Amino acid sequence: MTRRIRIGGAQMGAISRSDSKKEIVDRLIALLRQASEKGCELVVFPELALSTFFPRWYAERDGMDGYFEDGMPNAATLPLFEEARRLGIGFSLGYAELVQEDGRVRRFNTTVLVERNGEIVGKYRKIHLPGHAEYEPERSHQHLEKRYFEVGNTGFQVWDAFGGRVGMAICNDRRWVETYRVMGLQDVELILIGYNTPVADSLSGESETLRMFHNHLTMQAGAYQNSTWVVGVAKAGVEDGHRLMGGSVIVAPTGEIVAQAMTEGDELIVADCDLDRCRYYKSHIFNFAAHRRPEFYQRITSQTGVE
Amino acid sequence: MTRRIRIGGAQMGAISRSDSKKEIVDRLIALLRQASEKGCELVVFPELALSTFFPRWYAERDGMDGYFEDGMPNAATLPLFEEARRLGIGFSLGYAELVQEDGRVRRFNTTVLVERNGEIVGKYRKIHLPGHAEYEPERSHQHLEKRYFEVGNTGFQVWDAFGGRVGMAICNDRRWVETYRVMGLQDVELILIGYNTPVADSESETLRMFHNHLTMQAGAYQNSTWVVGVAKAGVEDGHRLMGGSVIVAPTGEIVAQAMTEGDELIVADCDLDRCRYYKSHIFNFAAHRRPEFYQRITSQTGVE
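Line by line, the protein sequences give chains F and C.
Sequential numbering from 1 applies to the first sequence in my numbering.
Sequential numbering from 1 applies to the second sequence in my numbering.
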């Protein structure tokens, strides 16, 4: 009613190894233009939206830079930035970052937040790297994220953007309660999360709704228990025989699902999100300064395992 | 490897201010005997199960001492402990504690965990006190837990009991993720939570019951632990308390749920070995957690 922001969830379909980068960016622009027609001011793109989920393939730690981005933006992604700035829409884009810092070449799983005027707001780099680093034949599919990426060095940052507080997370960050709480302690009002969740081939029946239950459970709870909007945008479909989980959702500060995807391809979900709905819980039920006792939370920052 | 425990959720009905403490203990023993006939080895009682939910009423900070317990157990609660030991059943009981620690009187919202042999294994005191400390006429009803209780000094402890790792929380502790994680970082396998949640805010019944289960299903799943939520429901002197007592599996699934707002016992077989399955399957805390980015959780209390 008051501080309303119309957010579009630009869920992506399966990206194959045979798909060129221009075909990928054009699919991003097509979802951006639909959000502009429906009056969206911010569309959220999935994790690694500029290439297929290459951590499923095995190669040398340097021989996967073809899927990385030379710059942000570069020659291939500039048409997307020009369309967003021209239509007056900001966006969060997930991609594999290739940067030159301290002489050496570094690689991160990165999402960038762009404002409606085309100016880059912030940049979050993935913290929780899932999977493994070496080849493991014991799995039906590989997940070599720890081999192709480094641990991010940005932290869970929260910026002043889109008339409020906007934070970003990447994929399996949404399963850890520390992801929401760290940004929740920065008075966050909108958490943008793109994810690529692998899923078994013949997953169906009760086991399918269980992983979708766990997918929404972590985001609905992270939204309510921190009184913030959560937007989870997926890249779904079957990528070269590997199925990716869909179910893109926009979650309210009450943990309620206000918009959910119905397909596993290129789909755009959109909901009118009132940022002022975050304030009620922050002043009563979840008043951090009045209820939290950090002297009993020391295990969360001291140890890594259980002991 | 054979660590299976049958847990009984002994949801209590309303307790009035005019109810005697003997009437309350007899209702506890009645629920305790229902669990024995159902083969339960552990029953969970609600928060403050030995009196009405008095934080709703306004009085002096010394006034509510009539509902507190001088000892645990005392002469009024000893019949409950003797029946639990006679039946060979452990239990977790919530009560208002009056201890005296060093020349001064201290007041805590407390739950005590007892083993099947009658031996007390531990004691948790409430950490997250909700509500306010002064009378606020803007509200429909008062919730003066900050006025009558102090922040506990035990912390989220996890004990070796009932063949596994058992922890305890109290009421709105289940709303905070730190409650589950601190015990989760102690390899917890069973969290016992008694609670007293009013139906009205300051209603949204369906949304409040939604938040009641969402916080416990997420804490159970994101820590791969069993979570037992037992309520004291019913209309207490015109004030309605939410029911919905529930037993959650390490998957966040509800395996038992209360259907009434009165005295009701829900029972489910809980295999503590299920926790090791999901703790090993890519919920490994020692593998993925990066504590160098979580410093805000312990550095500050509110928003900066």
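Cβ atoms here follow ideal geometry from the backbone N, Cα and C, with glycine treated the same way.
| Asked | Found |
| --- | --- |
| Check whether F210/C and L190/C have beta carbons under 8 Å apart | no |
| Given 8 Å, three or more beta-carbon pairs between the region 165-173 of chain C and the region 120-131 of chain C | yes |
| Beta carbon of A10/F nearer than 8 Å to that of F53/F | no |
| Cα-Cα separation between residue 306/C and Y148/C, rounded to whole angstroms | The structure shown does not extend to residue 306/C, since chain C is modelled only from 1 through 304, so no value can be given for it. |
| Cβ-Cβ distance between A49/F and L78/F below 8 Å | no |
| Contacts of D276/F in chain C (Cβ-Cβ under 7 Å) | Per Cβ cutoff of 7 Å: no residues; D276/F is ~16 Å from chain C at best. |
| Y281/F versus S227/F - alpha carbon distance | 6 Å |
| Test: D62/F CB closer than 8 Å to a CB of chain C | no |
| CB contact below 8 Å: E69/F versus chain C | no |
| Proximity to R3/F [Cα-Cα], best of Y95/F, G164/F and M72/F | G164/F |
| CB contact flag (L32/F, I7/F, <8 Å) | no |
| Inter-residue spacing [alpha-carbon to alpha-carbon] between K38/C and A30/C | 13 Å |
| Within chain F, partners of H128/C - CB distance below 9 Å | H291, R292 and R293 |
| Status (buried if at least 16 other CB within 10 Å, exposed otherwise) for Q220/F | buried |
| Under 8 Å between C-beta atoms of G229/C and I193/C | yes |
| Any chain F beta carbon closer than 8 Å to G252/C | yes |
| Segments assigned beta strand (DSSP E), at least 3 residues, entirely inside the region 130-175 of chain C | 158-161 and 164-170 |
| DSSP bridge partner residues for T110/C (one or two, in chain order) | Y95/C and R125/C |
| Counted within 10 angstroms of its Cβ, other Cβ atoms place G90/C as buried (16 or more) or exposed | buried |
| Test: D187/F CB closer than 8 Å to a CB of chain C | yes |
| Per-residue contacts from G155/F into chain C (C-beta, under 8 Å) | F293 |
| CB contact check: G302/C to chain F, cutoff 8 Å | yes |
| Beta-carbon proximity list for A249/C, same chain, < 8 Å, skipping 5 on both sides | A220, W226, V255, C270 and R274 |
| Residues near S202/F by beta carbon distance below 8 Å, same chain, minus five either side | none |
| Sequence-distant residues of the same chain with beta carbon closer than 7 Å to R181/F, five excluded per side | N226 |
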